[PDB]
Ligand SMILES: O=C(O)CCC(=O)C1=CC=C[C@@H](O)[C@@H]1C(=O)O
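Coming up is one lone chain in structure tokens, specifically the form deposited without the named molecule.
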């Protein structure tokens, strides 16, 4: 059966694995600047459905994604690991941990939304996301991304940072990207605050000093929050030395 495309790097045999999950439009290169600091651990850089080398892999919902995740982990023979997810990757990570994974130590989430709290909020999100879908599904990505990185969550960016990101993300497939966006929209995602608060596994949170929206969301979660200095929503991209120190504080204790 099919499994997610991933890049594996081996570390010491007695340490767990660091399973890294990128955000929307990203690929398995997202966490590599950070991940490579943890030379003694094994690392698995995963490509989510519709991204990188997993572009052709199609999913309907989160269930399908977490089934691909369970199967990928089994193929790589990962029995002991941590799930590290950024934003979209952060949400598939929380979703996967709550459904249940064999040999999970803990989940580290960076700017991952734990879910909307009412049917009205979900209705707004579904409307706004369906707009984005058609935009990715038709229009040139190079133009769609220019608007994508102007959303309130990316406010803290300067135009120089924004130019680079639009250039990096434009190298993608809009149809597969749109199908993923649809399948895992925050509108369809349950409110996992209860399941996380149940404290079924170790759970940590990171977000940038400048990520006002997710700093706020963290206050609602039963988890430690590491606040990355001089960084925004994608804090590992702006301050990797900061994010390494935070992950090290957690993993090496």
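Positions refer to the first chain, counted from 1.
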Higher of the two mean Cα B-factors (123-131, 103-111; per PDB record) comes from 123-131
Take the C-alpha B-factors listed in the entry for 26-34 and for 184-192, compute each mean, and give the stretch with the larger one.
184-192
Highest CA temperature factor in the entry: which of 197, 42, 54, 66?
197
Ranking the modelled residues of this chain by C-alpha B-factor as given in the entry, is residue 82 in the lowest, middle or highest third?
lowest
By its CA B factor, does residue 207 count among the lowest, middle or highest third of the modelled residues in the chain?
middle
Which third of the chain holds residue 3 when residues are ordered by C-alpha B factor: lowest, middle or highest?
middle
Split into thirds by Cα B-factor across the chain's modelled residues, where does residue 225 land: lowest, middle or highest?
middle
Against its chain's modelled residues, does residue 179's Cα B factor rank lowest, middle or highest third?
middle
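Same protein, other form: the form deposited with the named molecule bound, not shown, and the subject of what follows.
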Could you tell me if all three of 86, 91 and 149 have a heavy atom no more than 4.5 Å from the named molecule in the deposited bound form?
yes
Closest heavy atom of residue 232 to the named molecule in the deposited bound form, within 4.5 Å or not?
no
State yes or no: in the deposited bound form, is some non-hydrogen atom of residue 242 no more than 4.5 angstroms from a non-hydrogen atom of the named molecule?
no
Report whether the minimum heavy atom distance between residue 154 and the named molecule in the deposited bound form is within 4.5 Å.
yes
Look up in the deposited bound form whether residue 177 has a non-hydrogen atom within 4.5 angstroms of the named molecule, and give yes or no.
no
Looking at heavy atoms inside 4.5 Å, which stretch does the named molecule contact in the deposited bound form, given the options 224-232, 24-32, 190-198, 52-60?
24-32
The one residue among 181, 97, 73, 144 placing a heavy atom within 4.5 Å of the named molecule in the deposited bound form is 181
